[PDB]
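What follows is one structure encoded as structure tokens, with my remarks underneath.
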Amino acid sequence: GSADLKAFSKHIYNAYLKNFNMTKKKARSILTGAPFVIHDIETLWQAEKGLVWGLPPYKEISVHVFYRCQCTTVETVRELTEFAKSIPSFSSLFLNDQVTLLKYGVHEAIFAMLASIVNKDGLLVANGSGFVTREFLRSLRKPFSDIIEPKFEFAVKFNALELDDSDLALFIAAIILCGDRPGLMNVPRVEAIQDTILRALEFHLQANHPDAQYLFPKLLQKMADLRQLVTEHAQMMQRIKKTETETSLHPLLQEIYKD
Amino acid sequence: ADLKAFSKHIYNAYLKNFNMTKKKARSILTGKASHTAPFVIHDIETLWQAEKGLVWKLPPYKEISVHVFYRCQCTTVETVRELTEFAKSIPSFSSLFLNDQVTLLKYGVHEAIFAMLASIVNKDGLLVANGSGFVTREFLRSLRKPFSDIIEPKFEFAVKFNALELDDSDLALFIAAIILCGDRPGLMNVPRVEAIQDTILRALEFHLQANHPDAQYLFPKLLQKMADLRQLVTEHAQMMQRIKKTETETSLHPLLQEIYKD
Ligand SMILES: Cc1cc(CN2C(=O)CN(c3ccc(C(F)(F)F)cc3)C2=O)cc(C)c1OC(C)(C)C(=O)O
Ligand SMILES: Cc1cc(CN2C(=O)CN(c3ccc(C(F)(F)F)cc3)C2=O)cc(C)c1OC(C)(C)C(=O)O
Ligand SMILES: CCCCCCCCO[C@@H]1O[C@H](CO)[C@@H](O)[C@H](O)[C@H]1O
Ligand SMILES: CCCCCCCCO[C@@H]1O[C@H](CO)[C@@H](O)[C@H](O)[C@H]1O
């Protein structure tokens, strides 16, 4: 019961703090209370020329930005994999089930954690060293600016819920341990693990937020929302694959977007 | 000179992760570890005795052949777990993305299994249940087709492989080289896996020079054995496809389903 759920929430939070360089706490402190502002080609060039900062050969500004996004995503996938391994029953699954869960869960988790570094106006990059304006990303030629804006739209609404890192750790864990993923082998184990994570989250939310009896179902709804946000992203990704043939696709992201 | 240390790492991972070594298997198979011997399984009655606590402590089945096939599946799942831990105790394997790790295990475990099987096989049968039992080759031949057809080529491979006289320290490197194969379909970082495999093969060549000084060619014979194992597994998978097609009452463990997919 309780105190089992308290200890579980604490363990999950500790692994989250162990594995994610940027926390919402740190990010909010940067966004208030300074990072190099990237809002046009000139400031981007300054950032790249030592100021803020491995990539495939240069093609153009929009593809360069797309490449930096891919590199960020690969790094966050590595961190999410280490995080999930520290989740108690995750490592008892067969390695292929672990991979299946990561494959279908990382982008939902990435978009959820993105809100931690987003506000109305832009987002932190390079571990908080830079801040890229939403306006600049809107200015990229597109299908490339189309790809990014729905993430802001999701993030500002998600940040209205005012979660903290301790809540998020459980939220991300529940996203990875999802019983619905196609090709999953031990559906009952994964569902039981998720059930424990979500029960811990309901407890943890009570002990944190005024009431939070409405927040929990809203979070469950956000997980559903994350699913099809990723679906839309994948469609955009596929057509970027179809039409932007000079744009190289990182191999891990190719494997993930496969199917 | 570093190759000696690399070999040592890999041997340590092997001794740490495999329940059965060849040293132990040979001592059991030549009556040097017990007053007489492991319990012999050669008919339906001795199989029932063995399962009555004596050797062991399964899905729905209707006949002896399928029962034995289910025991084979259980052994294979356990060995896949052991090979997975062994490969992870190789740091450069663990530096790969998890999906590349799974790809290498998926296409390498059966080659590795068939090689390690030679360690517990002789002319007359094989050790089961971590050496508590010995199931006779003749009993396995008495199973109906296609189950007796699938097992016998493993014996034919094993007898020839044991003629090479490898020890556990050679096998540890051989198995590592089987798993770290740059050829596997869908592999993501082919060059990194190839560099690892090359290091393993250099360590193995060195180790064979040091361990088998009158090695009549032993390293090329082992490379050929790797090709042979690939052909053995191809034929095994064809037989499995025929069992999937024609023995529809016979269930396949989910992990083996995933491995055999495609
Ligand atoms: C999953 C995903 C997330 C995001 C959100 N995001 C990041 O995380 C990092 N970043 C960003 C933007 C501009 C710069 C600068 F160079 F201008 F400074 C540096 C970093 C950004 O916009 C964007 C895309 C396209 C995604 O899609 C890909 C990656 C293809 C995927 O599917 O993995
Ligand atoms: C990979 C493989 C290896 C082998 C070789 N072998 C074992 O390992 C264990 N054993 C055995 C034989 C008889 C008994 C007893 F019941 F009589 F006690 C107990 C164990 C045996 O004969 C056999 C088959 C069909 C294999 O193929 C499957 C499993 C489908 C696969 O592809 O994984
Ligand atoms: C399709 C690929 C099948 C072979 C992948 C090997 C599966 C073994 O994977 C292992 O299984 C254990 C559960 O028994 C887990 O504890 C381990 O973390 C995992 O590495
Ligand atoms: C097919 C979908 C792929 C999603 C899972 C990829 C997870 C990355 O995998 C991780 O990457 C590291 C690479 O440095 C290895 O050290 C880690 O052992 C591994 O867990």
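No hydrogens, no waters, no symmetry mates; every other heavy atom, side chains included, goes into these values. Throughout, a chain's letter reflects where its sequence line sits, starting with A, and its residues are numbered from 1.
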Checklist entry - What residues, two or more places apart in sequence or in another chain, satisfy side chain to side chain contact (heavy atoms under 4.5 Å, CB included) together with A:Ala84? => result A:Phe90, A:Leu102, A:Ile176

Checklist entry - Residues in ring-ring contact (aromatic ring centres under 6.0 Å, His included) with A:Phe171, at least two apart? => result A:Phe158

Next on the checklist: side chain to side chain contact (heavy atoms under 4.5 Å, CB included) for A:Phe94 and B:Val102? Distances and angles first, verdict last.
Outcome noted: CA-CA 10 Å; A:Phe94 281 107; B:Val102 168; over 6 Å; no

Item to check | Counterpart residues, ring-ring contact (aromatic ring centres under 6.0 Å, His included), relative to A:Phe66 (two or more places apart) | outcome: A:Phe144

So between chain A and chain B, what donor-acceptor pairs come in under 3.5 Å?
from, atom 1, to, atom 2, distance (Å)
A:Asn96, ND2, B:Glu258, OE2, 3.2
A:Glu255, OE2, B:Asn99, ND2, 3.0

